[PDB]
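Coordinates in review
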Protein chains: 2
Amino acid sequence: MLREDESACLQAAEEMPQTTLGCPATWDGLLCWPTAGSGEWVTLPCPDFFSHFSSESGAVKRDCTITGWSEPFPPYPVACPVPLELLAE
Amino acid sequence: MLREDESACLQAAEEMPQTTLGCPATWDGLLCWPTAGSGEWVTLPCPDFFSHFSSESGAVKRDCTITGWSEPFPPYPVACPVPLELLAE
Ligand SMILES: [Mg+2]
Ligand SMILES: [Mg+2]
Ligand SMILES: [Mg+2]
């Protein structure tokens, strides 16, 4: 469940140093992004609820640039699509 | 030769359909980027020459976004760095 993942992420995140190089670890509502260095990107699978909707693990990515993290790509509607009957489509 | 990679990429690129679905194959001066769908990204190794500087492939990403291709990431001098002697640095 997402509340527990959230609590794991946000607590781990507290154990990180105040000064990191690159991009610090971050919870974005759905996924815990691990710390990364400038010029690295991190690819994660969809959260675990996605196995009820797909055999594929999915792929979501964030680039760690020198101005900070990029937005997750592709957007979550695209990266981790839910059944249309849950959208009322 | 990089002029031979360029040529072969371009001759491949001129054989593609006229209509743009996704982001078209493109030659950025170092790499031949294949066609990609919206919301996909492509990762390529560094060009062949990099094999003189490192026993790594290196890795360079572009994102195919609904507004087009993003820039190569990380930027080439980070992604595929050249010996500092070459730049008398
Ligand atoms: Mg869960
Ligand atoms: Mg479950
Ligand atoms: Mg060559």
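Cut-off values and rules
Residues numbered from 1 in each chain as written, not as in the entry; some residues may be left out. Chains lettered and ligands numbered in written order. Heavy atoms only, no water. Residues with missing side-chain atoms left out of burial classes, pairs and counts. Disulfide = S-S within 2.5 Å. Helix = DSSP H or I, 4+ residues; strand = E, 2+ residues; numbered from the N terminus. Buried < 20%, exposed > 50% of the residue type's maximum accessible area, 1.4 Å probe, protein only. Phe/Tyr/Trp six-rings, centres within 6.5 Å; stacked < 30°, edge-to-face > 60°. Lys NZ or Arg CZ within 6 Å of the ring centre and 35° of its normal.

Judging from the entry metadata, X-ray crystallography is the method by which this structure was determined, and 1.95 Å is the reported resolution.

**Overview of the state of the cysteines**
Residue and element names in this part refer to chain B. In the structure shown here, the tally under the stated rule is six disulfides over all chains. A sulfur-sulfur separation of 2.1 Å characterises the disulfide bridge that pairs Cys9 with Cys32. Judged by the sign of its S-S torsion, about 80°, the cystine formed by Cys9 and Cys32 is right-handed. Highlighted residues: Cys9 in helix α1 (residues 2-13) and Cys32 in strand β2 (residues 32-33), separated in sequence by 23 residues. Note on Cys32: relative accessible area 34%, which makes it partly exposed.

**Quick look at the packing of aromatic side chains**
Summed over all chains, the structure comprises six aromatic pairs over all chains. With 6.1 Å between their ring centres and 55° between their planes, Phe49 of chain B and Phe53 of chain B make a pair best called tilted. What makes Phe49 of chain B partly exposed here is its relative accessible area of 26%. Given the relative accessible area of 34%, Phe53 of chain B is considered partly exposed. Looking at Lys61 of chain A, its charged tip hangs above the ring of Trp41 of chain B, at a distance of 5.7 Å from the centre.

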